[PDB]
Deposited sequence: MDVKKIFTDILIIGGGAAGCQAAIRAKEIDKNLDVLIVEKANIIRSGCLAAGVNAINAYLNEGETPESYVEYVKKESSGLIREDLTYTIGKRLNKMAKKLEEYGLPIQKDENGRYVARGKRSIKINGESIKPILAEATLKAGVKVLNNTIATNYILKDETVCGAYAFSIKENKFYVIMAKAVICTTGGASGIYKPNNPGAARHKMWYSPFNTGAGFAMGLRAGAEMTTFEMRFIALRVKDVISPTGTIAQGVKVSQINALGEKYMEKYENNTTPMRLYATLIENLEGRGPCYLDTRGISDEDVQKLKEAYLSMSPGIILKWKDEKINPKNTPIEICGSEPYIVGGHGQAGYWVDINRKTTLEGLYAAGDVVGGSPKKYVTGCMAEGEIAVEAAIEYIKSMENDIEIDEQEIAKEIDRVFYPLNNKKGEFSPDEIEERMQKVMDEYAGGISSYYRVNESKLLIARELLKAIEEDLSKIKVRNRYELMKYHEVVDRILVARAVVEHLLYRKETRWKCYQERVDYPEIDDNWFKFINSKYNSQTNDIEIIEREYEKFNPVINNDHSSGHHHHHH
């Protein structure tokens, strides 16, 4: 194996929406900066944007302000958000939409939000702009841990899955932009269609796990976003009209506010109470309207076309069935992830984060993730100004990470595969930590079982054996998700209230509780190998 030491000024882990904009913004600030992206897959399509987008959801119309955005975000989730993070995102949403147009995204008219787009190639256009800016990219390269020196992050380790190479990447500052975590719970269709899900099945919590292993603080893992999407194909609903139950009743009219959480809650009630399935009532649209729908879905979720063809579904005659996904651990549509300051610096010196990997501010969307990448990289650039990558890393520490990364490749005694352990984990979380099978409900006794069962899975990781570097990537996805899952269980155990309906359904503490208007954070103690909960008080945003 060839061990390669690389040096860069700014290292970005993950070349998705936030990481691409961070790298572009860095080059725009200083052409001379060395900027390197380490990307698990292929930057042209990597991350949540691979299939395309339905729309640009987050920007401000005339007369709307960051304050308007903060209030929307609180209405779409709860009052317990990091207002400072939401406000500073809000200030740049419109600027980020303008950059997407500059990069080549097709946009047309019919306020400002009334635009027509083709989001099919949003990721390629973002990737092309990144490479045109002079950013260096290591594709098909999996990050596995931060390089720490005296409690300061000064790089990261990674291994290639196409070459026999292990990378020691020294950097003056590191930006985590790996996205959130899927695959902790069972998906809607385990087995044959186990990766038909809403979030990317290839964002498996690496950023969360590297952060936890390195000592960084996470926040609000008990808030698990669940998507309400077209059944089985998990396609967007925005494209597609009102919500109806199987009796044809517009059941949302029974509730005062029609918010994203409410639409999911209401749909679950209808099904549980015997009036499902629930649907988007497309009946009565025109033949041309059907053709428009087909063309739009081909540009961002083509599987639904195959479902319609197979099941003889014409949306003008048959409404579109919807249902909820597995719970995800995300800081884009949810508010789970790294705990950061207003400059997107994590709790570790030298490490910043942006996007779905950052907690505290739900309803970020593409523009919000792009904006966070800019904020983070601007802070990192100011931080690296004085220093230089002269940190010397002891060969023993390098060898230790190598041993950890490649352990199952040299495990002749192993008896389990990553896929077997992944399914075992998903079963534990689905059954004892509030998955689909429990209609997302959690209670203390089951959570305590989940805690103990996850520890037994962790013990069996040393019995995993892999045959190649691709299966080695899968092993690390499982290692990372087990740690994230252990944190999720501790967060769910700790918050003895129900703050977010569906996303955090503590059936044994069903009421909201004013005594719990505070943030629940976690830290991983490498000495005791236990997750430790930290309370952080809520702070009104008052910049002076």
{"property": "Stretches with no C-alpha position, numbering per deposited sequence from 1", "result": "111-118, 249-253, 558-571"}
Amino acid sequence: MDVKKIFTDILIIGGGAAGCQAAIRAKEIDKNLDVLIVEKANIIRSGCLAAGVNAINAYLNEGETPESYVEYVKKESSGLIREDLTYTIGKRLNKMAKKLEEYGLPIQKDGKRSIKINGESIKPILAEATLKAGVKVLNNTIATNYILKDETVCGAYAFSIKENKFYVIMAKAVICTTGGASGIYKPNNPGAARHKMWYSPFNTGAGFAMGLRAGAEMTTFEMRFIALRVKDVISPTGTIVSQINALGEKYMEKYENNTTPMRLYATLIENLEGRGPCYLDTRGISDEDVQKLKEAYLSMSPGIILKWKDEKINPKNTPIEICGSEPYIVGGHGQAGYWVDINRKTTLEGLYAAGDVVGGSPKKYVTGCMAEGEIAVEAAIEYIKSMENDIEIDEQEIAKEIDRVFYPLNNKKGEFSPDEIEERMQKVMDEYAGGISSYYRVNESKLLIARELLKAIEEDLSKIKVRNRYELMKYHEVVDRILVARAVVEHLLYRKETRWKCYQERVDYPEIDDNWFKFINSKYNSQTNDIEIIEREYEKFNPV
From here on, numbers count along this sequence of modelled residues.
property: Of 8-16 and 522-530, the one with larger mean CA B-factor; result: 522-530
property: Segment of higher mean CA temperature factor, 359-367 or 279-287; result: 279-287
property: Out of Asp460, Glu101, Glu444, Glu452, residue topping the C-alpha B-factor column of the entry; result: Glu101
property: Top residue by Cα temperature factor, when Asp310, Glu431, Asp110, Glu372 are compared in the entry; result: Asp110
property: Lowest, middle or highest third - CA B-factor, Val489; result: lowest
property: Ranked against its chain, the third holding the CA B-factor of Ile393; result: highest
property: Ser417 by Cα B-factor - lowest, middle or highest third of the modelled chain; result: lowest
property: Third of the chain's Cα B-factor distribution that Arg263 belongs to, per the entry; result: middle
property: B-factor third for the C-alpha atom of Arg92 within its chain; result: middle
